[PDB]
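Data block below; observations after.
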Amino acid sequence: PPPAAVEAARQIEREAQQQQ
Amino acid sequence: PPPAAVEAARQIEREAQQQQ
Amino acid sequence: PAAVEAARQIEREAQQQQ
Amino acid sequence: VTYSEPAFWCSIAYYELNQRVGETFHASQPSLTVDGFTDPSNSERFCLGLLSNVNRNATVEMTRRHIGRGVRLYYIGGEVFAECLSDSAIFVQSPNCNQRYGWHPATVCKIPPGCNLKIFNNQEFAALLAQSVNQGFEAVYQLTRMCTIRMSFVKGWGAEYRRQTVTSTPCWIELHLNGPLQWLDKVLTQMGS
Amino acid sequence: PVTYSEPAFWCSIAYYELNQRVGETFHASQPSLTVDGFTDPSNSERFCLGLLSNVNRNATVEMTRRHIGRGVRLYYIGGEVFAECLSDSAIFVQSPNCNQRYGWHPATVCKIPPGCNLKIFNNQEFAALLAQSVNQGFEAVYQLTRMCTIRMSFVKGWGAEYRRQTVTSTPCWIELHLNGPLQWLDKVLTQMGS
Amino acid sequence: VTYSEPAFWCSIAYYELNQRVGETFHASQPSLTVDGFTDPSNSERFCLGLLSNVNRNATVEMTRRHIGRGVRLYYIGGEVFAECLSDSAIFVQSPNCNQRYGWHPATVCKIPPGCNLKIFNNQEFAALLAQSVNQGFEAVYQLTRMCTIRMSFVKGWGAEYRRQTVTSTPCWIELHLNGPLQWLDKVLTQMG
């Protein structure tokens, strides 16, 4: 798991919760 | 012939006739 | 003919860009 | 339901043989010319000379050389005309025109250079749309071909020629009349089924 | 230098007949739109397929295009996508996000009878799958583009239990692209390397 | 006839094998990148990774994975340059560039990763357009290929390779320079 990628995906998950 | 359909086309004929 | 003047104008325009 | 008058009164799609070439051209002004030149940013000119086709053969390349000034389309009042500005005749297949003169729907009319022809008439279409609600959905649904018009720039097709389909001609276009299409939409939605 | 912008259109729909593209790609700007088989050319909320022409259109496609009717209604409320069957004929949808949500085979095709609706997409679900996918390699993340693409059929179904085995065999079908999820995917793809 | 400066200085069309894939992209800014990623709303990025092709085969599927950052195109002054941001070389076929160095119009130039090249020059084209009105309609008509440029992202074609046509490469695009095309139209209409 590329460390830069996992943080990028982690920000995406934070965005989805804001939508909910 | 559907009542609403014939009336819609009936309006179309006046619109095209106004063009002349 | 007349076209070459249009192309001659293009050459002046292309030189202007620099 | 909400309706708005279309911005473009017609859209032209360019074809080479059986393949779509280039983007769809949307006419905003009441007059436009479809030529074989290379202007990309003219709202009144659909220049086909700049469109590229990697699968273009020899005969199509020769046909694209004879387009010249092409065809001029103007929309005056409620009628559509096609004028042959090219030094080679053009071949038009307009169901509205074919029916107007009692010809077969597939009939193809030849327009010699300099001549013109009344390709479409709104009043004629509106009348046909009225007397069509009595034959069912099918009859009304098939009025979509009345809103589509096909032209060929050099070589004709259909009967009396060896080319039997419009997909056999090297350079041909297909027009879509947004105006008539919108009138059809109002009647189709209410026809049910 | 990396810069990102929120898309103007939340999705784009491409209409297909058999295995051929027909018409231009339609980009939906409003949260609600209807894909019908009628002939309105200037409605930013209606993808009217009845006006699209295909010189290679056969008989069976012509008959199938007559039963689209009101077609399908797509709304994007919050972070979820739904498809409603307004047509008098059932529609068949193939959404990987939905298929995975219920533990079905990826190729599974769902039938939507007239009047019914279905949760086509869920942003939170996709975001979760995108997170637990960076651990499986480039391949897994690259193949997450199909998660952003959804295919629908207007009258005839395909897949198992049917004779049509591929979506390219159906007379009238479309393919949606979810711009929102696609932009999230781009951020993760660049960091995956090769 | 009335003429207007084009809004977009160029348009790029993406191709896979012998089939068009996706819509035509019109570049408005002087700089844009054509990569294989999935951003749909960037006026500076032509992301090909999101384009779908029902007729995409295996070999193309593999080639689309190595596009990466692709190629970046900038329009500085009156010249066009292509920079290879991909970790795999790109193959360009530009008649304006080939003629600038006297190579056959079909010549294909390889751009290794990190390198760049002066793809186009308006002044050069204008000069060829001037000395072409003396050769006839045909010569001027054939100046449209000077306004079109083709690139390949992983696999090269033409001489020196087994693929002899650009339609044989898995992933390739075709650029149309609106600026030069308008100049050509001005001369063509009056050439009769």
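Residue names in the structure tokens use chain letters A, B, ... in the order shown, residue numbers from 1 in each chain, and ligand numbers from 1 in the order shown.
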Would you kindly report the residues of chain F within 10 Å of chain C, using only C-alpha atoms, as JSON, numbers by chain? {"F": [76, 77, 78, 79, 121, 122, 123, 124, 125, 126, 127, 128, 129, 130, 131, 132, 133, 134, 180, 183, 184, 186, 187, 188, 189, 190, 191, 192]}
Would you mind listing what lies within 6 Å of region 161-174 of chain F as a PyMOL selection string, with only C-alpha atoms counted and same-chain residues fewer than 3 positions away left out? chain F and resi 12-18+60+149-152+155+157-158
Quick one: residues within 7 Å of residue 5 (chain A), only C-alpha atoms counted, chain neighbours fewer than 3 positions away excluded, as a PyMOL selection string? (chain A and resi 2+8-9) or (chain E and resi 134+188+191-192)
Could you list, with a cut-off of 7 Å and counting only C-alpha atoms, the residues of chain A near chain E, each shown with its nearest atom pair and the distance in Å rounded to one decimal, rows sorted by chain and ascending number, as JSON lines?
```
{"residue": "A:1", "atom": "CA", "partner": "E:135", "partner_atom": "CA", "distance": 4.4}
{"residue": "A:2", "atom": "CA", "partner": "E:192", "partner_atom": "CA", "distance": 6.3}
{"residue": "A:4", "atom": "CA", "partner": "E:191", "partner_atom": "CA", "distance": 6.1}
{"residue": "A:5", "atom": "CA", "partner": "E:191", "partner_atom": "CA", "distance": 5.0}
{"residue": "A:6", "atom": "CA", "partner": "E:134", "partner_atom": "CA", "distance": 6.4}
{"residue": "A:8", "atom": "CA", "partner": "E:188", "partner_atom": "CA", "distance": 6.0}
{"residue": "A:9", "atom": "CA", "partner": "E:131", "partner_atom": "CA", "distance": 5.1}
{"residue": "A:10", "atom": "CA", "partner": "E:131", "partner_atom": "CA", "distance": 6.7}
{"residue": "A:12", "atom": "CA", "partner": "E:127", "partner_atom": "CA", "distance": 6.2}
{"residue": "A:13", "atom": "CA", "partner": "E:127", "partner_atom": "CA", "distance": 5.4}
{"residue": "A:16", "atom": "CA", "partner": "E:124", "partner_atom": "CA", "distance": 5.1}
{"residue": "A:17", "atom": "CA", "partner": "E:124", "partner_atom": "CA", "distance": 6.9}
{"residue": "A:19", "atom": "CA", "partner": "E:79", "partner_atom": "CA", "distance": 6.0}
{"residue": "A:20", "atom": "CA", "partner": "E:79", "partner_atom": "CA", "distance": 6.8}
```
Name all residues at most 8 Å from residue 129 (chain D) (count only C-alpha atoms; drop same-chain ones fewer than 3 positions away) and give them as a list in words.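 Listed by chain and then number, they are residues 9 of chain B; 125, 126, 132, 133, 140, 143 and 184 of chain D.
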At what distance in Å, to one decimal, does CA of residue 82 (chain F) lie from CA of residue 37 (chain F)?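 Atom-to-atom, CA of residue 37 (chain F) to CA of residue 82 (chain F), that is 18.3 Å.
Of note, CA of residue 30 (chain D) and CA of residue 63 (chain D) are spaced 27.5 Å apart.
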For chain D versus chain F, which residues have an atom no more than 6 Å away, and what is each residue's nearest atom pair and distance in Å rounded to one decimal, using only C-alpha atoms, chain-then-number order, as a Markdown table?
```
| residue | atom | partner | partner_atom | distance |
| --- | --- | --- | --- | --- |
| D:38 | CA | F:185 | CA | 4.9 |
| D:39 | CA | F:182 | CA | 5.1 |
| D:41 | CA | F:6 | CA | 5.2 |
```
Return as a PyMOL selection string the residues belonging to chain E that are within 8 Å of chain F, counting only C-alpha atoms. chain E and resi 4-8+19+25+142+145+168+179+182-183+185-186+189-190+194
Go ahead and write the residues just picked, N, CA and C atoms, as a PDB file, in the first residue's frame.
```pdb
ATOM      1  N   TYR E   4      -7.379  20.542  -8.623  1.00  0.00           N
ATOM      2  CA  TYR E   4      -8.635  19.830  -8.824  1.00  0.00           C
ATOM      3  C   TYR E   4      -9.805  20.803  -8.750  1.00  0.00           C
ATOM      4  N   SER E   5     -10.847  20.522  -9.534  1.00  0.00           N
ATOM      5  CA  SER E   5     -12.049  21.344  -9.551  1.00  0.00           C
ATOM      6  C   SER E   5     -13.282  20.452  -9.550  1.00  0.00           C
ATOM      7  N   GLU E   6     -14.311  20.883  -8.826  1.00  0.00           N
ATOM      8  CA  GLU E   6     -15.571  20.149  -8.783  1.00  0.00           C
ATOM      9  C   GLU E   6     -16.236  20.148 -10.155  1.00  0.00           C
ATOM     10  N   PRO E   7     -16.658  18.992 -10.670  1.00  0.00           N
ATOM     11  CA  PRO E   7     -17.257  18.948 -12.008  1.00  0.00           C
ATOM     12  C   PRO E   7     -18.585  19.691 -12.086  1.00  0.00           C
ATOM     13  N   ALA E   8     -18.797  20.364 -13.220  1.00  0.00           N
ATOM     14  CA  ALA E   8     -20.069  21.039 -13.462  1.00  0.00           C
ATOM     15  C   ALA E   8     -21.200  20.034 -13.637  1.00  0.00           C
ATOM     16  N   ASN E  19     -23.680  -2.744 -30.633  1.00  0.00           N
ATOM     17  CA  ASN E  19     -22.315  -2.427 -30.229  1.00  0.00           C
ATOM     18  C   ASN E  19     -21.810  -1.117 -30.831  1.00  0.00           C
ATOM     19  N   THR E  25     -22.569  12.429 -26.574  1.00  0.00           N
ATOM     20  CA  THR E  25     -22.586  12.153 -25.143  1.00  0.00           C
ATOM     21  C   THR E  25     -23.320  13.274 -24.417  1.00  0.00           C
ATOM     22  N   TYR E 142      -6.831   0.342 -10.823  1.00  0.00           N
ATOM     23  CA  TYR E 142      -7.127   0.668 -12.216  1.00  0.00           C
ATOM     24  C   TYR E 142      -8.484   0.120 -12.641  1.00  0.00           C
ATOM     25  N   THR E 145     -12.430   1.700 -12.402  1.00  0.00           N
ATOM     26  CA  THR E 145     -13.114   2.605 -13.318  1.00  0.00           C
ATOM     27  C   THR E 145     -14.488   2.067 -13.689  1.00  0.00           C
ATOM     28  N   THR E 168     -23.740  -5.638 -25.298  1.00  0.00           N
ATOM     29  CA  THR E 168     -23.690  -5.221 -26.694  1.00  0.00           C
ATOM     30  C   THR E 168     -24.692  -5.961 -27.568  1.00  0.00           C
ATOM     31  N   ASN E 179     -19.047  11.413 -12.599  1.00  0.00           N
ATOM     32  CA  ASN E 179     -17.895  12.309 -12.568  1.00  0.00           C
ATOM     33  C   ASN E 179     -17.334  12.464 -11.160  1.00  0.00           C
ATOM     34  N   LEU E 182     -15.314   9.505 -10.263  1.00  0.00           N
ATOM     35  CA  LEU E 182     -14.167   9.488 -11.167  1.00  0.00           C
ATOM     36  C   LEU E 182     -13.062  10.422 -10.691  1.00  0.00           C
ATOM     37  N   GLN E 183     -13.425  11.608 -10.195  1.00  0.00           N
ATOM     38  CA  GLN E 183     -12.409  12.543  -9.721  1.00  0.00           C
ATOM     39  C   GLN E 183     -11.695  11.999  -8.490  1.00  0.00           C
ATOM     40  N   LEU E 185     -11.224   8.848  -7.897  1.00  0.00           N
ATOM     41  CA  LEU E 185     -10.353   7.791  -8.403  1.00  0.00           C
ATOM     42  C   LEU E 185      -9.049   8.362  -8.948  1.00  0.00           C
ATOM     43  N   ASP E 186      -9.120   9.509  -9.633  1.00  0.00           N
ATOM     44  CA  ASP E 186      -7.919  10.103 -10.211  1.00  0.00           C
ATOM     45  C   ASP E 186      -6.887  10.430  -9.139  1.00  0.00           C
ATOM     46  N   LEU E 189      -5.228   7.118  -8.243  1.00  0.00           N
ATOM     47  CA  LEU E 189      -4.503   6.420  -9.302  1.00  0.00           C
ATOM     48  C   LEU E 189      -3.092   6.971  -9.470  1.00  0.00           C
ATOM     49  N   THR E 190      -2.944   8.296  -9.419  1.00  0.00           N
ATOM     50  CA  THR E 190      -1.635   8.916  -9.611  1.00  0.00           C
ATOM     51  C   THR E 190      -0.623   8.422  -8.581  1.00  0.00           C
ATOM     52  N   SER E 194       3.135   2.555 -11.022  1.00  0.00           N
ATOM     53  CA  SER E 194       2.983   1.835 -12.285  1.00  0.00           C
ATOM     54  C   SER E 194       1.963   0.704 -12.189  1.00  0.00           C
TER      55      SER E 194
END
```
Distance limit 8 Å, atoms considered: only C-alpha atoms. Which chain D residues sit that close to chain E? Return them as a tab-separated table (two decimals) with N, CA, C and O atoms, in the first residue's frame.
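To be explicit, this is the file written out as result-v1.tsv:
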```
chain	number	residue	atom	x	y	z
D	2	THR	N	-41.54	21.04	-19.05
D	2	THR	CA	-41.07	22.37	-19.40
D	2	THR	C	-40.47	22.34	-20.80
D	2	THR	O	-39.80	21.37	-21.18
D	3	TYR	N	-40.73	23.40	-21.57
D	3	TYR	CA	-40.29	23.49	-22.95
D	3	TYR	C	-39.59	24.82	-23.18
D	3	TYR	O	-39.97	25.84	-22.60
D	4	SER	N	-38.58	24.79	-24.03
D	4	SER	CA	-37.84	25.98	-24.42
D	4	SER	C	-37.60	25.91	-25.92
D	4	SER	O	-37.36	24.82	-26.46
D	5	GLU	N	-37.69	27.05	-26.59
D	5	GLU	CA	-37.41	27.07	-28.01
D	5	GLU	C	-35.94	26.71	-28.23
D	5	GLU	O	-35.06	27.28	-27.57
D	6	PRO	N	-35.63	25.76	-29.11
D	6	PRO	CA	-34.24	25.34	-29.28
D	6	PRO	C	-33.38	26.48	-29.80
D	6	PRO	O	-33.81	27.28	-30.64
D	7	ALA	N	-32.14	26.54	-29.31
D	7	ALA	CA	-31.21	27.56	-29.77
D	7	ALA	C	-30.85	27.35	-31.23
D	7	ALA	O	-30.80	28.31	-32.01
D	24	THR	N	-20.98	16.88	-34.53
D	24	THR	CA	-22.26	17.37	-35.02
D	24	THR	C	-22.24	18.90	-35.05
D	24	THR	O	-21.83	19.54	-34.08
D	138	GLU	N	-47.51	4.03	-33.76
D	138	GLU	CA	-46.60	3.70	-34.86
D	138	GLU	C	-46.52	4.81	-35.90
D	138	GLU	O	-45.43	5.27	-36.25
D	141	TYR	N	-44.90	7.83	-34.36
D	141	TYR	CA	-43.49	7.55	-34.10
D	141	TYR	C	-42.67	7.59	-35.38
D	141	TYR	O	-41.53	8.07	-35.38
D	144	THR	N	-40.53	10.65	-37.24
D	144	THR	CA	-39.18	11.11	-36.93
D	144	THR	C	-38.32	11.18	-38.18
D	144	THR	O	-37.45	12.05	-38.30
D	167	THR	N	-25.20	4.93	-47.39
D	167	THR	CA	-23.90	4.58	-46.83
D	167	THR	C	-22.88	4.20	-47.89
D	167	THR	O	-21.71	3.96	-47.54
D	178	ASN	N	-34.70	20.56	-35.53
D	178	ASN	CA	-35.09	20.61	-34.12
D	178	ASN	C	-36.51	21.12	-33.95
D	178	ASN	O	-37.26	20.62	-33.09
D	181	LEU	N	-38.96	18.45	-34.70
D	181	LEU	CA	-38.78	17.44	-33.67
D	181	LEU	C	-39.48	17.84	-32.37
D	181	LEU	O	-40.08	16.99	-31.70
D	182	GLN	N	-39.41	19.12	-32.00
D	182	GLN	CA	-40.05	19.57	-30.77
D	182	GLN	C	-41.57	19.46	-30.87
D	182	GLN	O	-42.23	19.08	-29.89
D	184	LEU	N	-43.14	17.26	-32.64
D	184	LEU	CA	-43.41	15.83	-32.54
D	184	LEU	C	-43.38	15.37	-31.09
D	184	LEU	O	-44.19	14.54	-30.68
D	185	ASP	N	-42.44	15.91	-30.30
D	185	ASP	CA	-42.32	15.51	-28.91
D	185	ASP	C	-43.59	15.80	-28.13
D	185	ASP	O	-44.03	14.98	-27.31
D	188	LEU	N	-46.08	13.09	-29.18
D	188	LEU	CA	-45.70	11.72	-28.86
D	188	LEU	C	-45.93	11.40	-27.39
D	188	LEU	O	-46.40	10.31	-27.05
D	189	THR	N	-45.59	12.34	-26.50
D	189	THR	CA	-45.75	12.10	-25.07
D	189	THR	C	-47.19	11.79	-24.71
D	189	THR	O	-47.46	10.96	-23.83
D	192	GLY	N	-49.36	7.96	-25.47
D	192	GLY	CA	-49.33	6.75	-24.66
D	192	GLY	C	-48.61	5.60	-25.35
D	192	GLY	O	-48.16	5.70	-26.49
D	193	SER	N	-48.51	4.49	-24.62
D	193	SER	CA	-47.98	3.24	-25.15
D	193	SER	C	-46.61	3.39	-25.80
D	193	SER	O	-46.35	2.83	-26.87
```
Name all residues at most 8 Å from residue 169 (chain E) (count only C-alpha atoms; drop same-chain ones fewer than 4 positions away) and give them as a count of residues only. 5
Residues of region 49-81 of chain E classed as helix (DSSP H, G or I) by DSSP on the backbone are to be reported as an NGL selection string. :E and (59-65)
Just N, CA, C and O atoms for this one: save the residues we selected as an mmCIF file, in the first residue's frame.
```cif
data_model
loop_
_atom_site.group_PDB
_atom_site.id
_atom_site.type_symbol
_atom_site.label_atom_id
_atom_site.label_comp_id
_atom_site.auth_asym_id
_atom_site.auth_seq_id
_atom_site.Cartn_x
_atom_site.Cartn_y
_atom_site.Cartn_z
ATOM 1 N N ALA E 59 -34.633 -3.921 -37.801
ATOM 2 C CA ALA E 59 -36.040 -3.955 -37.413
ATOM 3 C C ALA E 59 -36.199 -4.072 -35.900
ATOM 4 O O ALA E 59 -36.944 -3.300 -35.284
ATOM 5 N N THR E 60 -35.514 -5.044 -35.285
ATOM 6 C CA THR E 60 -35.708 -5.305 -33.860
ATOM 7 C C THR E 60 -35.346 -4.093 -33.008
ATOM 8 O O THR E 60 -36.000 -3.826 -31.992
ATOM 9 N N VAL E 61 -34.307 -3.349 -33.393
ATOM 10 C CA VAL E 61 -33.994 -2.118 -32.672
ATOM 11 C C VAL E 61 -35.111 -1.098 -32.859
ATOM 12 O O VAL E 61 -35.500 -0.408 -31.909
ATOM 13 N N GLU E 62 -35.658 -0.996 -34.076
ATOM 14 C CA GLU E 62 -36.767 -0.073 -34.315
ATOM 15 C C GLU E 62 -37.972 -0.399 -33.445
ATOM 16 O O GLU E 62 -38.622 0.508 -32.912
ATOM 17 N N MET E 63 -38.280 -1.684 -33.275
ATOM 18 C CA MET E 63 -39.388 -2.055 -32.404
ATOM 19 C C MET E 63 -39.051 -1.786 -30.943
ATOM 20 O O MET E 63 -39.908 -1.332 -30.176
ATOM 21 N N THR E 64 -37.807 -2.054 -30.541
ATOM 22 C CA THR E 64 -37.405 -1.818 -29.157
ATOM 23 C C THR E 64 -37.407 -0.330 -28.815
ATOM 24 O O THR E 64 -37.756 0.053 -27.692
ATOM 25 N N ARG E 65 -37.036 0.526 -29.772
ATOM 26 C CA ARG E 65 -37.023 1.963 -29.508
ATOM 27 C C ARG E 65 -38.422 2.532 -29.317
ATOM 28 O O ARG E 65 -38.558 3.648 -28.804
#
```
To one decimal in Å, tell me the separation between CA of residue 121 (chain E) and CA of residue 140 (chain E).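 Pair CA of residue 121 (chain E) / CA of residue 140 (chain E) returns 19.3 Å.
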Using only C-alpha atoms and a distance of at most 6 Å, pull out the residues of chain D that contact chain B, as a PyMOL selection string. chain D and resi 123+126+130+133-134+187+190
